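*Asks:* Here it is: the structure, laid out below.
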DNA sequence: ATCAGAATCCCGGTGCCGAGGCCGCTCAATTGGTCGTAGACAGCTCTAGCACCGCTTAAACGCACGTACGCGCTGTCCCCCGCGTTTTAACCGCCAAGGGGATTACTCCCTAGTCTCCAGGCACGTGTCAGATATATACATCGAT
DNA sequence: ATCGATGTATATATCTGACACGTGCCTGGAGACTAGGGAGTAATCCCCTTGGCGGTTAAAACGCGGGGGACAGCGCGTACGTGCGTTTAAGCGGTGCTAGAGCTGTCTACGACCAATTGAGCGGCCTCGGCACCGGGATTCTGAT
C-alpha cells in the first residue's frame, strides 16, 4: 500500500486530527461523527492555542524572560477583553492578578 | 405469554420507567444503561413533582383557589430555601415576585 | 387632597409585587425586537410565542437588576436609585 | 522616620499584586481542610496536589471577594472595607 | 404529529397529593419544563461520573451520586430514600 | 501506563510562533487544561445542536455553529476562517 | 424604537423591583442595559435559526439562547 | 484550626485585592466565608471519592468539584 | 524647593535542576474494502405570520407646585496603621513504615439486539363549572388639624 | 384624637371559555430468548501518604502612640413625586393572503466496521543553560522642614 499520510498533514495542521476524531467518537456526543468535524475542531483549537501562546511570549519578552510561565499566561488572557470573556469563570494557578489600584485611594 | 405488566406498576411509580429508559439510551449519555437507573430516576422525578405540587396546592388553598397557576408555583418555590436554591437560575413565566419591601423605605 | 411623597410609590410597589402581568407594551417591545434582529439577518419572521418569551425574560432580568440597584442605593445611605448604583450592581454581578 | 498611614498599605498592594506566591500558610490550611473534611467521612487521606488545588481555589475566591468588597466600600464613599461590604458583595453575587 | 409530554403523570401525582385541586395549562407547561430540566441535569451528571471512572454503564449508583451532588440537603435525603425503595420493589418484582 | 497529552502539539505551535521561546511545565499543564476545556465546550454545544435538530451526526456545520455561539467576536471570525480553510485543504487532498 | 420603552414602563418595573424613588438618568441607563441584553439573546436565537435553515425565530430558539446564557426560562416548551 | 488563618494572611489577601484600609471585624467575617466555601468544595470532592470507592481525595476530585460549582481551575490536570 | 533616609531596581557572579533532546518500543492511527441508512432534495399541503382598516379608551405626556432628600461642610473621637520587641511554630530535611491505589487475570451475569404483540397514551371532541368582570359596599389607612 | 377622603378588600350575580373526561387508534413498550463483553473479585506490588525529630529563622502576636477617617449633625436648593388636563397610539376584532414550516418519498453519498501494517507518540535517561539567589551600587520616592 501507499505510505501512511496523517490527516493532520493532509489538513496542514499540527494538532492531531485522528486523536480529536477518536475523542469525539468515544466522548458520548453523537451517534456518528462526520469526516470534517475533527479537522474543523483541530483547526479551531490550534488557532486559539497559537493566539494565547503568541500573547504570552510577547509578555515574556517584555519581562526579559525566555520561558512562558503561568504569570505570563494570566497577563495575556486578562489583557485581552475577548480572551478574558471566554475564560471568565476560569482560575489560572499561580497567575496572580493585574496591578490595579482604584484612583480614589491614591495619595 | 403473560399479561403485560409495566415497570412503573412493578416499582409502584406513576412516572414512566420505560419512557425514561428510552430517553436515557437515546440521549447520548452512556454506551449502556443499567436496569435500575430508569427506576431510580423516575422515582426521584416523581418525588420532586409531588413536593412542588403539594406546596402549590397549599398556596392555592390559601388564596381560596382550586386551580394551580404559575403564581402559585413561583410562591411555592421561592418560599422554600432549598427549592429556591435548586431553581435559583430559573425564571417561571407569569410567576411574578415575592412581596418584599425594605424596612428602611417604610414611613 | 394630596398624599405625601412616598405613599403612592409604596402603593404601586405593593400592587406590582402582587400582580403578574407584563408591564412593557407589546407593540413597542415587538418593534424593538425586530429592529435589533434586523442587524443580524434580514427578512426575519418571528413567532408570537418567541416575542412573548423575549418579553418575559427581559422583564424578569430588569426586575432582578432593579432589586440589586435598590440594595446598592440603601448601602450608600440613599433612597434614590442612580446610574452609579446600576453600574455597581452589574459590575459585581459579572456582566 | 514614620511613613504616613496609607503609604505602606499602598506599597503592600503593589507588592502582592506583582507577586504570585500563595499567601496562606500551608500547614494551617492543610489542618483546616482535614478538620472540615472529617465531618463528612472518617480516615480520609489527602493528596498533596489535592490540598494545593484547594488552597489555590480558596485564595482566588477570597481575592475576588475582597475586590468586590472594596468596590462596595468605595461606592459608599468609604475607603475601609467592612462586613456590610462583604455581605452586599455576596448578596449581589447570588451566594 | 405526536408530541410526548409528562402531562398525564404530573396530573396523576397532583390527584394523589391534592384530590380536589386541578391545574392550569400554563402551570402544566411549567411543570413539564421542570421535569425535563431535572432529567437533563441528573443524566448529565451521571454521564460525567461514568466517564470519570472509565465506566460505560450508567447505574443506580451513578444516579444516586448525581442526586446527592445536585439536590440540596433534605431534598437529596428524601429523593435517595424514594429511589432506593423503588429499586428494591422493582428488583423484588 | 501511558497517559496521552497535547504537550507535543502545543510545543510545535510555540516553536512556530516564537522560535526562541520555551515553556515551563506548569504553563504546559495550563495549556493542556485549556485545550481540554475548549474541546469539551465545543463538542458539547455541537452535540446539543444535533439533538435539537433531530440529527445523529456531528458535522462541520455543527462545529462551526458551536464556534460562532461560544467564541466572542473576532475570535469566532478567525476561528471560522481557519476551520474552513483546513476543511477545504483536507477535502482537496 | 428603543424609546417605546417609556418612562412609566421603567417605573413599573422598578416598582416591582421594590424601588421607591427614581433618578431621571435611570431611564436612559435602563434602556441601554435592556438593549444590550436583547442584542445578546437575539443574536444567539438567530444563530440557532440560521443553523436550522429556518426563516422564523422560534420559541425553542429563544429558550435555548436563554438557557445557554444561564437564564433558563420555564413555560415555553423547555 | 480556623484560627490558623491568621489576621496577617487575610490582610495579604486584601492587599492583593486592592484593599487599603481594613476594619477589625473583617477577619471574622472572612473566616466564616472561607469556611462555608471550603465546606461546599470538600463535600463535593468527598462525594466523588466515595463514588470511586477510594480513601484518598485526589486533585481530580477537587478539580471536578470546582468545575461543577462554576469555579474552573486550570493547572492541576484539568 | 530641599534633603536625608528608606525602599526598590538593576547589574554582575555562581550554581543547580529542570527543560529540551535522543532513543527504544508498542499500540493506535492509517489504508483498503464493504454495506446499510440517513439526510439531501423534490414536491405538496395548509398554518400562521404579516399587512391593513377602524374604533375605543386607557396609557403616555406635558406642566405646575411643593417638599423631602441628596449633598456639601464641620466637628469629634476612636480605632486602625505602622513600628519595635518577643515568641512560636512553619518549614526544610531526613528517615520509617504501611496501606491503599493501580494492575492483571479469570469468570459470569447483565445488558444490547431481535421479534412479536398489544395496550397505553395521545389528537380530537365536548360540555359544564371555576374564575373573570361588574357593581355595590365596607373598611382600614393616610393626612391635616 | 378625629373625621373626612379614599383606595382597597369583600360579597354576590352573570357569563364564558378552558379544562377535565371520553374515544379510537397506532406505535412504542413489554415478554421471551440469545450472545458476549464489561464489571466484579482476588492477589500483588510499589509508591506515596502519614508520622516523628530537630533546628532555626521568619513570621505572628502584642503594645503603643497618633492621625486620619468614619460618622453624626445641619443647612440649602433642587430635582422628583403627585395630580390634572390633553393627546397619542396601543389594543382588539375582522379579514387576506401568501411565505414557509412541516411532512412524505426516493435514493445516493457517506460513515461505521473490520483486518493488517507500521510509524507516531510516550516513558526513561542525560545534560547544559535559564533562572534564582546573593550582594552591592543607583535610582526613586516620601515627609519633615
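Numbers in chain C come straight from Swiss-Prot, and the residues shown are 40-134, in order.
Determined by electron microscopy, 2.5 Å, according to the entry header.
Placed from the backbone N, Cα and C atoms, the Cβ positions cover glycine too.
Taken from Swiss-Prot, the feature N6,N6,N6-trimethyllysine applies to C:57, C:80. Summarising the annotation, Swiss-Prot assigns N6-crotonyllysine to C:57. Per Swiss-Prot, the feature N6-methyllysine maps to C:57, C:65, C:123 (among others); the stated evidence is experimental evidence. The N6-acetyllysine feature in Swiss-Prot is assigned to C:57 (among others). Under the heading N6-(2-hydroxyisobutyryl)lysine, Swiss-Prot lists C:65, C:80 (among others), citing experimental evidence as support. Taken from Swiss-Prot, the feature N6-(beta-hydroxybutyryl)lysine applies to C:80 (among others). Swiss-Prot lists C:80 (among others) with the feature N6-succinyllysine, giving experimental evidence as the kind of evidence. Per Swiss-Prot, phosphothreonine is recorded for C:81 (among others), and the stated evidence type is experimental evidence.
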*Asks:* A 10 Å Cβ contact count, applied to the modified residues C:57, C:123: which residue has the minimum?
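*Replies:* Comparing Cβ neighbour counts within 10 Å for the modified residues C:57, C:123 gives C:57.
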*Asks:* I'd like to know which modified residues lie near chain D: of C:57, C:65, C:80, C:81, C:123, which have a CB under 8 A from one of its CB atoms?
*Replies:* C:123
*Asks:* Taking Cβ atoms only, which of the modified residues C:65, C:80, C:81, C:123 fall under 8 Å from chain G?
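*Replies:* Listed modified residues passing the 8 Å Cβ cut to G: C:80.
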*Asks:* Going by DSSP, is residue C:57 (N6,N6,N6-trimethyllysine) sitting in a helix, a strand, or coil?
*Replies:* helix
*Asks:* Across all the protein chains here, work out how many other Cβ atoms are within 10 Å of the Cβ of residue C:81 (phosphothreonine).
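*Replies:* Excluding its own Cβ, the number within 10 Å is 7.
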*Asks:* Under 8 Å Cβ-Cβ to chain B, which of the modified residues C:57, C:65, C:80, C:81?
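*Replies:* Going by the Cβ criterion (under 8 Å to chain B), the qualifying modified residues are C:57.
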*Asks:* Over all shown protein chains, what is the count of other CB atoms within 10 A of the CB belonging to residue C:65 (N6-(2-hydroxyisobutyryl)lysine)?
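*Replies:* Cβ-Cβ neighbours of residue C:65 (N6-(2-hydroxyisobutyryl)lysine) within 10 Å number 12.
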*Asks:* Let's check the environment of residue C:80 (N6-(beta-hydroxybutyryl)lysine): how many other CB atoms sit within 10 Å of its CB?
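*Replies:* I count 15 other Cβ atoms within 10 Å of it.
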*Asks:* Report, in whole Å, the straight Cα-to-Cα distance of residue C:57 (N6,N6,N6-trimethyllysine) from residue C:123 (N6-methyllysine).
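*Replies:* Distance (Cα to Cα, whole Å): 29 Å.
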*Asks:* Distance between residue C:81 (phosphothreonine) and residue C:65 (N6-(2-hydroxyisobutyryl)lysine) at the Cα atoms, whole Å?
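*Replies:* Their Cα atoms are separated by 22 Å.
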*Asks:* In angstrom units, rounded to an integer, how far apart are the Cα atoms of residue C:65 (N6-(2-hydroxyisobutyryl)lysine) and residue C:57 (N6,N6,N6-trimethyllysine)?
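*Replies:* Residue C:65 (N6-(2-hydroxyisobutyryl)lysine) and residue C:57 (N6,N6,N6-trimethyllysine) have their Cα atoms 21 Å apart.
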*Asks:* Taking DSSP as the reference, which of helix, strand or coil describes residue C:81 (phosphothreonine)?
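*Replies:* Assignment for residue C:81 (phosphothreonine) reads coil.
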*Asks:* Sorry to bug you, but what's the C-alpha spacing from residue C:57 (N6,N6,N6-trimethyllysine) to residue C:80 (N6-(beta-hydroxybutyryl)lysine), rounded to the closest Å?
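*Replies:* Counting only the Cα atoms, the answer is 39 Å.
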